[PDB]
Asker: 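This is the structure I want to talk about, given as structure tokens.
Below, all heavy atoms of this structure are taken into account, side chains as well, without hydrogens, waters or symmetry copies. Just follow the structure's listing: the first ligand is 1, and inside any ligand the first atom is 1. Sequence lines set the chain letters: A, B, ... in the order given, protein chains first and strands last, and positions in each chain run from 1.
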Amino acid sequence: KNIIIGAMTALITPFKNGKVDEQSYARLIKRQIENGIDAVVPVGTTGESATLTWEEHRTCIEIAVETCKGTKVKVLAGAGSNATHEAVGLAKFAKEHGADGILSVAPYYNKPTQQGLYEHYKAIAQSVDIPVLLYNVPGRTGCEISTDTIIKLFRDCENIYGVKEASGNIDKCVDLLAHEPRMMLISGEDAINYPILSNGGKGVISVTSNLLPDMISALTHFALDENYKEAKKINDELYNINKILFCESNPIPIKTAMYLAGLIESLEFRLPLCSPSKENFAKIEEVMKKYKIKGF
Amino acid sequence: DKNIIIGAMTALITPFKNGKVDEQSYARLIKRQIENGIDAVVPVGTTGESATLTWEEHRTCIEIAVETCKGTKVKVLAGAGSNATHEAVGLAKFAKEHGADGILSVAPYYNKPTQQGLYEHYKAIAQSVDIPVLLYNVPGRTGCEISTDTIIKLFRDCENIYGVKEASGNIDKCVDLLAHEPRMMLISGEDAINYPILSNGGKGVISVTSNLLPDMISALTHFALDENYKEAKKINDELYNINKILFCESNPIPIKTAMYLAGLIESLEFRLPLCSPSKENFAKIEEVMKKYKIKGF
Ligand SMILES: [Mg+2]
Ligand SMILES: [Mg+2]
Ligand SMILES: [Mg+2]
Ligand SMILES: [Mg+2]
């Protein structure tokens, strides 16, 4: 299978006066490239995909594709929906905009059955010829892609090559790779990046890497090179910031941190997301001081 | 003070035939609800597969509901909600413009706004129209919860917001809500516990079961509203088996299966990612239905 693995960043989407700051978006991706990142994920959850128009989806994907051109950094585009017909269309659009692959979130809110999840992703995989990474995050979607469903999709569909897991369930990570060791298990939960990698996961899709791309890329590359002592050391150092970046729902804390670091010009969200509380604003700022933040 | 929409209400299924909304069937199903004592119908909610309908299909279903209820007492409480506030405001404005009597607006799903974000979300919705707004809390589907404090603030701060449809399995929260703000309309969004919610001062239901058994749900609600709790509880107890089997798989898979088994819709068709139930659950649904008298057309 064609795969997209390694250290990846779920990119924030900076806003300035209610519009996507396209220059800031390009500068942030170039910053990721210069700090060892292997792929970027535009318009995912951390990028506020729910509140972006389709034209803004296309713009962000195009900026990512063309900023990464000629650098070997891949673009794993967020392209998913809780309506299969729409998810198929988003997969095709992402392929047309130049993405190297897609990250396709499990259907949220309508709680499909395992059979429904299988038919959903099978329709997506058959619509394109680029890699498809499943995304399991039951705390947000209200459903879970079971291990049996993930493994069936991996084996039955050429393009489906693994799964991003954000489920706080290292037992499931053992379950997946013990029964199907050929799949690419990707960490979607920064605080446990090292445990997932040390069990044979092959990458991360990171929130923290928006702020500390060098540290997350180093962590991942230490781990893939089987230097677990050094990968764990970074994972341990990062725990405090990895936890504070979820003191409110992602991406509220990470955008706050990027703003505090001078990496984006304005702390702007689209409703229903909004600024954190003043208490959590102060907590984020104090935790950041312990970390060396790369500039541009 | 506030304009309200209460009583026995039905979360309408959306029938499909050959991949399209069966518009004739939809109208015939709404008339059946009206004729069996239902006080309001909810087009294109979750039970109506709102997620997989196009906007043109959203408009069509709301227009059919509005047209079918004209000249009756039955109200149209349109599903109009989104996890993007800008879109939820437009859907609310569009539902009002299409003639809906009020809107049911689900809490933002998937992106997990904070309580402050939820407050600003619903305030923007409420300020965009002049028709009643009912909040919808269903944390098992959205991944977030509208807290009691947030609900009460919205009820008190926004003229149009008159209550909440709760589907949280949390009778403690129902006490909390009506004890601190007894003026709000608490609406059951969970059929099995319709009677407990009503008996604590809830003023209506938005029901899945009433798609199949509208006369029974209507009777339950109106007995309860008249404080004939013995009759309301008796119906609630009798309905427990069907109320539970209708969630053996994710709603609306079981209810559409039951409606098809009763001959009330022509085709057992969903839009992916929804699909037919397992053969075992299909049989379980069929067996439980045999204990109930299902009204025809
Ligand atoms: Mg590399
Ligand atoms: Mg949409
Ligand atoms: Mg038709
Ligand atoms: Mg009476």
Asker: Just wondering, are more than 12 heavy atoms of other shown residues or ligands nearer than 6.0 Å to NZ in A/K69?
Answerer: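 No, the 6.0 Å shell around NZ holds no more than 12 heavy atoms from other groups.
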
Asker: Contact between A/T141 and A/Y109 at the side-chain level, heavy atoms closer than 4.5 Å - yes or no?
Answerer: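 Of all side-chain heavy-atom pairs linking A/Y109 with A/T141, none is under 4.5 Å.
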
Asker: Verify, without hydrogens or angle tests, whether B/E269 (side chain) and B/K20 (backbone) share a donor-acceptor contact under 3.5 angstrom.
Answerer: no

Asker: Taking the basic N atoms (NZ, or NE/NH1/NH2) and the acidic carboxylate oxygens, is any pair closer than 4.0 Å for A/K233 and A/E237?
Answerer: yes

Asker: Around the Mg ion (ligand 1), how many protein N, O or S atoms are found at less than 2.8 Å?
Answerer: 1

Asker: Under 6.0 Å from the six-membered ring centre of A/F269 and within 45° of its axis: does the NZ or CZ of A/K255 meet both?
Answerer: yes

Asker: Using a 3.5 Å distance criterion without hydrogens, assess whether the side chain of A/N35 forms a donor-acceptor pair with backbone atoms of A/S217.
Answerer: no

